[PDB]
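Here is the structure we will look at, set down as structure tokens.
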Amino acid sequence: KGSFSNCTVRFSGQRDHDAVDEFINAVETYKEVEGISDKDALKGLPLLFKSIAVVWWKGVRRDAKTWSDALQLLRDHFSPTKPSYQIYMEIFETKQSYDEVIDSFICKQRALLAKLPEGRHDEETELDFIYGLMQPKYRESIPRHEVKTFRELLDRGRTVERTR
Amino acid sequence: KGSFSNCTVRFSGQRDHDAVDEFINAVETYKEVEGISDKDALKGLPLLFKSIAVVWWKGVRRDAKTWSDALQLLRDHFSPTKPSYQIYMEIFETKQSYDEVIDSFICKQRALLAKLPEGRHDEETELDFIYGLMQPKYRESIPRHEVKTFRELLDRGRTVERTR
Amino acid sequence: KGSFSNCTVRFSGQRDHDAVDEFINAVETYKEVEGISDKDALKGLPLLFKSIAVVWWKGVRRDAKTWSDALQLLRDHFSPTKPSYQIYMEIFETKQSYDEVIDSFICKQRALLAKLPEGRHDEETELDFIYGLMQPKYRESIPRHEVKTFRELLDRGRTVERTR
Amino acid sequence: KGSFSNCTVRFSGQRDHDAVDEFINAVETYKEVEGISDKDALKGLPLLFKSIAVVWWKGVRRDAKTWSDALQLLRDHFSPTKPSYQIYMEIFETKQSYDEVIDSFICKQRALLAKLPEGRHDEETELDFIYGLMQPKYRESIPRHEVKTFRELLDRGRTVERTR
Amino acid sequence: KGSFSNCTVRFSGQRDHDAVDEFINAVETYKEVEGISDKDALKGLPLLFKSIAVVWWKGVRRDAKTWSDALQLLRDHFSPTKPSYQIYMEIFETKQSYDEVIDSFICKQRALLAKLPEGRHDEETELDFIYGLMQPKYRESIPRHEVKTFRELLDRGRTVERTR
Numbered sequence: 001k002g003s004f005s006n007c008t009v010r011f012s013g014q015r016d017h018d019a020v021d022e023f024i025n026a027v028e029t030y031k032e033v034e035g036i037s038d039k040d041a042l043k044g045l046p047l048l049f050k051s052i053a054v055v056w057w058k059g060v061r062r063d064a065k066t067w068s069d070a071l072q073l074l075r076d077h078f079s080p081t082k083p084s085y086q087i088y089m090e091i092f093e094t095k096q097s098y099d100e101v102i103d104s105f106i107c108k109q110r111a112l113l114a115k116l117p118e119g120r121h122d123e124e125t126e127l128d129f130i131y132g133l134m135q136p137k138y139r140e141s142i143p144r145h146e147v148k149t150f151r152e153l154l155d156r157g158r159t160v161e162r163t164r
Numbered sequence: 165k166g167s168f169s170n171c172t173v174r175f176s177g178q179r180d181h182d183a184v185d186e187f188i189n190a191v192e193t194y195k196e197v198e199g200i201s202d203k204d205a206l207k208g209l210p211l212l213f214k215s216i217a218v219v220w221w222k223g224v225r226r227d228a229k230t231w232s233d234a235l236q237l238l239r240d241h242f243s244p245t246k247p248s249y250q251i252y253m254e255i256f257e258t259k260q261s262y263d264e265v266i267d268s269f270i271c272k273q274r275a276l277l278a279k280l281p282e283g284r285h286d287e288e289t290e291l292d293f294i295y296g297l298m299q300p301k302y303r304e305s306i307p308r309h310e311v312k313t314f315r316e317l318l319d320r321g322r323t324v325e326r327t328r
Numbered sequence: 329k330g331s332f333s334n335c336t337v338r339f340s341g342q343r344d345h346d347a348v349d350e351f352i353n354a355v356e357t358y359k360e361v362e363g364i365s366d367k368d369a370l371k372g373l374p375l376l377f378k379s380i381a382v383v384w385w386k387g388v389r390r391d392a393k394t395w396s397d398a399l400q401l402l403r404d405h406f407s408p409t410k411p412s413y414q415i416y417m418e419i420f421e422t423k424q425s426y427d428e429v430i431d432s433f434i435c436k437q438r439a440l441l442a443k444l445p446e447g448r449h450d451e452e453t454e455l456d457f458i459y460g461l462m463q464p465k466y467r468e469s470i471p472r473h474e475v476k477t478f479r480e481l482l483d484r485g486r487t488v489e490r491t492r
Numbered sequence: 493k494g495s496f497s498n499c500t501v502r503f504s505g506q507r508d509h510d511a512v513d514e515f516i517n518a519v520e521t522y523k524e525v526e527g528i529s530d531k532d533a534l535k536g537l538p539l540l541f542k543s544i545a546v547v548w549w550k551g552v553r554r555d556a557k558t559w560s561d562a563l564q565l566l567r568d569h570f571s572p573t574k575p576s577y578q579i580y581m582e583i584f585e586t587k588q589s590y591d592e593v594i595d596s597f598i599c600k601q602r603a604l605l606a607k608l609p610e611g612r613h614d615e616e617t618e619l620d621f622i623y624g625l626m627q628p629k630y631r632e633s634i635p636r637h638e639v640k641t642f643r644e645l646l647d648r649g650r651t652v653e654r655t656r
Numbered sequence: 657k658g659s660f661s662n663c664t665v666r667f668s669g670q671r672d673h674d675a676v677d678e679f680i681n682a683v684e685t686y687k688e689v690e691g692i693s694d695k696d697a698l699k700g701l702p703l704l705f706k707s708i709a710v711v712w713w714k715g716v717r718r719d720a721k722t723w724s725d726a727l728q729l730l731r732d733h734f735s736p737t738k739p740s741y742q743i744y745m746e747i748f749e750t751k752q753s754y755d756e757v758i759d760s761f762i763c764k765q766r767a768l769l770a771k772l773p774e775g776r777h778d779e780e781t782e783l784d785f786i787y788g789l790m791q792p793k794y795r796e797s798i799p800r801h802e803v804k805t806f807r808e809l810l811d812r813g814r815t816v817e818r819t820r
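Protein chains in written order, with the numbering used here: chain A, 1 to 164; chain B, 165 to 328; chain C, 329 to 492; chain D, 493 to 656; chain E, 657 to 820.
Here is the structure:
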């Protein structure tokens with residue numbers, strides 16, 4: 001049923017991890033849903049670029065041969081894959097300011113913790129790294145060693161938020 | 165005939181009841197009209213998120229297994245389901261100001277009264293809760309005990325509005 | 329061939345006669361062109377609302393049963409169907425200002441004269457009601473009793489406009 | 493394959509020759525490409541108007557019977573078909589200012605010369621009418637009687653432009 | 657499956673090399689992917705122009721007979737194909753300013769070097785022409801004669817960028 005005719009999601013070259021990962025996941029998901037072969041998918045790839053990136057594709061066209069190589073090359077030229085110590089310094093710089101919702105803080109911190117190499121941290125030390133930066137509006141009620149998984153922190157945060 | 169190819173309605177994370185309920189009802193209605201199966205509908209769900217929420221879906225992907233569970237989880241993480249006393253204080257705070265149409269006031273107050281638990285109020289006390297906040301431009305003509313249902317209030321409000 | 333999948337024309341609740349009549353005529357025309365049945369058309373109606381009006385449709389869903397009833401209810405809740413004397417006062421308030429084209433004035437005045445009940449006025453008194461408000465730039469050349477229909481007024485107005 | 497479902501090009505009523513001629517040519521071209529019959533094309537015409545013009549179509553609906561009559565009526569009510577002496581005064585009013593490209597000047601002047609009645613001028617006097625208003629940056633090099641057609645003027649203008 | 661029905665990419669007449677080359681490559685790629693014949697493709701070409709360029713197409717319609725001739729004519733009337741010495745003066749005018757990423761500089765300089773006639777320069781002198789304008793933030797670490805191809809320059813530039 002077609003092969004990359006037209007869609008809303010495009011890519012520009014904004015140089016950030018979130019936009020690049022969102023675009024790659026959306027394209028990779030669309031290919032699986034619509035059911036397009038691997039050889040037919042690479043011919044339609046300049047139908048998505050609209051910016052500086054199409055000038056980037058006019059030069060590096062002869063380096064790609066398969067779909068996975070082109071996707072890894074798009075991940076390599078733009079996502080700079082920052083090292084570990086900048087991430088560990090970026091988590092401890094900004095505390096949770098007053099009058100901010102729990103869910104935005106938790107999803108931003110989880111998206112920041114996903115950048116580390118996989119298999120290096122469990123769930124328990126993951127929650128222990130995040131339990132040291134919350135406001136005293138939430139730390140007065142729920143103590144440590146009672147919340148065992150990463151869902152129960154939000155489950156008890158939404159109760160104190162409604163109570164005020 | 166396809167399975168969530170592309171559409172105008174998307175979701176961002178605006179943290180309000182009206183936008184979330186509108187998006188969920190529009191998606192739930194589109195699934196019923198187009199005739200898509202339940203197993204095929206969950207594979208196409210990241211084609212709708214475009215914001216912070218796609219970073220939220222990159223983390224909580226392994227918690228969803230059926231369509232109803234994913235819809236209830238999207239209702240739970242964003243719509244905060246406010247308690248009763250804040251609603252009963254929110255209805256009595258703002259009176260109807262001068263030079264405002266009847267229909268906007270009635271639809272906003274009905275959308276505010278839908279947040280209570282279902283089966284707790286009849287139609288008569290529902291109209292009795294709304295008849296105490298209207299302007300004297302409308303309360304001089306129509307008295308109580310004459311309007312029995314919730315349609316006749318608008319039916320007699322549109323007559324006095326045309327008369328001026 | 330589908331049933332209200334996606335289209336550009338939507339409705340918000342702007343509270344005016346022109347936008348409501350345009351939206352209703354465009355939807356009614358699209359249903360006739362595409363060839364959709366009456367029972368299939370009502371299931372897809374919340375795919376068009378995008379505003380306050382979808383909150384209005386979450387409350388008055390159980391009042392509609394057929395397509396004509398829903399269309400008349402959408403005409404009733406928003407188009408206020410103003411009385412006659414306000415129209416007859418609105419026609420005689422604004423004269424035709426200098427340096428304005430004939431066609432805009434004629435189409436606006438015809439759209440204002442359509443609001444009266446049908447069958448109350450002929451063509452001759454219709455032109456007699458409009459011939460008293462034009463500029464002396466046009467009334468110096470063409471006199472009364474020479475223009476018999478409503479087309480010849482524009483036909484002789486476009487000649488004097490080109491001449492200047 | 494459908495009959496005027498939805499498209500980007502619409503019409504508003506901007507009262508100019510270029511926009512009206514572009515819209516009419518695009519619609520006339522789309523009808524020929526998609527292959528739609530003449531009786532099916534007139535039912536879908538209010539799906540394109542979005543402005544004051546739809547109020548204009550609610551009044552003059554009963555005057556159209558064929559496609560050519562409706563197209564000529566749309567050309568008549570909006571394009572005012574200016575007389576000859578205003579065109580001959582409009583060509584000689586604005587000279588070519590300094591630092592402006594040749595191609596924009598030539599295409600604008602050709603679009604202005606198309607408004608005259610057809611068959612009144614050859615190619616030679618057409619170029620003779622345009623050779624009297626160019627800058628001395630171009631008239632120092634190429635003389636008259638050497639450029640015979642209307643293409644060689646641009647062909648020798650692009651050479652002097654690159655040279656500077 | 658259709659023949660140029662509607663798409664996002666259009667052309668206006670912006671008079672620059674990048675936008676024209678992007679539009680031509682996107683159209684040429686879409687024709688190859690969708691599988692349209694050469695005779696059917698030329699009838700649908702005024703469905704893409706939306707600007708001054710459609711007035712340009714109303715005049716030069718009778719000069720095109722095949723697809724390749726129309727594409728070369730669109731490349732000729734707008735892309736001015738600048739001479740060599742302006743390019744060789746444009747490369748050496750702007751050095752790499754401080755706090756700018758390597759990839760943007762490399763892709764812009766490659767897109768500027770593509771304008772020369774093909775077959776005039778190898779890869780080695782191509783890298784030698786670009787190695788004289790970089791910042792001392794990168795020239796302190798990597799010396800000449802160690803980087804042999806044009807990929808290893810970026811491969812060693814991304815390492816020093818992460819290190820800081």
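Yeah, the Cβ is synthetic: ideal placement off N, Cα and C, and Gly gets one too.
Per-residue contacts from residue i into chain F (C-beta, under 8 Å)
{"i": "residue 603 (chain D)", "result": "Chain labels in this structure do not include chain F; the protein chains are A, B, C, D and E."}
Contacts of residue i in chain E (Cβ-Cβ under 9 Å)
{"i": "residue 524 (chain D)", "result": "699"}
Status (buried if at least 16 other CB within 10 Å, exposed otherwise) for residue i
{"i": "residue 281 (chain B)", "result": "exposed"}
{"i": "residue 514 (chain D)", "result": "buried"}
{"i": "residue 420 (chain C)", "result": "exposed"}
{"i": "residue 177 (chain B)", "result": "buried"}
{"i": "residue 265 (chain B)", "result": "exposed"}
Residue i in three-state terms, based on DSSP
{"i": "residue 168 (chain B)", "result": "coil"}
{"i": "residue 129 (chain A)", "result": "helix"}
{"i": "residue 256 (chain B)", "result": "coil"}
{"i": "residue 806 (chain E)", "result": "coil"}
Contacts that residue i makes with chain B (C-beta to C-beta distance below 7 Å)
{"i": "residue 405 (chain C)", "result": "267"}
{"i": "residue 126 (chain A)", "result": "The premise fails here: residue 126 (chain A) is roughly 12 Å from chain B at the closest Cβ pair, so nothing lies under 7 Å."}
Near the ligand PLP: residue i beta-carbon under 7 Å from a heavy atom
{"i": "residue 109 (chain A)", "result": "This structure simply doesn't include the ligand PLP, nor any ligand for that matter."}
Whole-angstrom C-beta distance between residue j and residue i, which should lie under 8 Å
{"i": "residue 516 (chain D)", "j": "residue 565 (chain D)", "result": "No, residue 516 (chain D) and residue 565 (chain D) are not in contact; Cβ-Cβ is about 11 Å, not under 8 Å."}
{"i": "residue 518 (chain D)", "j": "residue 537 (chain D)", "result": "In fact, because the Cβ distance is near 14 Å, the residues do not count as touching under 8 Å."}
{"i": "residue 905 (chain E)", "j": "residue 705 (chain E)", "result": "Because chain E spans 657 through 820 in this model, residue 905 (chain E) falls outside it and cannot be assessed."}
{"i": "residue 153 (chain A)", "j": "residue 127 (chain A)", "result": "7 Å"}
{"i": "residue 787 (chain E)", "j": "residue 813 (chain E)", "result": "With 8 Å as the limit, residue 787 (chain E) and residue 813 (chain E) do not qualify as a contact, their Cβ atoms being about 12 Å apart."}
{"i": "residue 662 (chain E)", "j": "residue 499 (chain D)", "result": "6 Å"}
{"i": "residue 123 (chain A)", "j": "residue 150 (chain A)", "result": "6 Å"}
{"i": "residue 699 (chain E)", "j": "residue 653 (chain D)", "result": "That pair is no contact at about 33 Å."}
Neighbouring residues, chain B, relative to residue i (Cβ below 8 Å)
{"i": "residue 331 (chain C)", "result": "197"}
{"i": "residue 374 (chain C)", "result": "189, 190 and 193"}
Where residue i meets chain C, residues with beta-carbon distance less than 7 Å
{"i": "residue 172 (chain B)", "result": "334"}
{"i": "residue 575 (chain D)", "result": "490"}
Where residue i meets chain A, residues with beta-carbon distance less than 8 Å
{"i": "residue 674 (chain E)", "result": "55"}
Within chain D, partners of residue i - CB distance below 8 Å
{"i": "residue 786 (chain E)", "result": "Simply none; closest approach about 26 Å."}
Within chain A, the residues that residue i reaches when beta carbons sit closer than 9 Å
{"i": "residue 179 (chain B)", "result": "101, 103 and 104"}
Chain-ordered chain C contacts of residue i [CB-CB under 8 Å]
{"i": "residue 322 (chain B)", "result": "408"}
{"i": "residue 583 (chain D)", "result": "What residue 583 (chain D) touches in chain C: nothing, since even the nearest Cβ is about 18 Å away."}
Partners in chain B for residue i, counting only beta-carbon separations shorter than 9 Å
{"i": "residue 415 (chain C)", "result": "Those within 9 Å of residue 415 (chain C) in chain B number zero; the least Cβ separation is about 12 Å."}
Partner residues on chain A for residue i, Cβ-Cβ distance less than 7 Å
{"i": "residue 678 (chain E)", "result": "54"}
Self-check item: Any 3 or more C-beta pairs closer than 8 Å across the region 543-554 of chain D and the region 410-427 of chain C
Solution: In this structure the region 543-554 of chain D does not touch the region 410-427 of chain C; the number of beta carbon pairs closer than 8 Å is below three.
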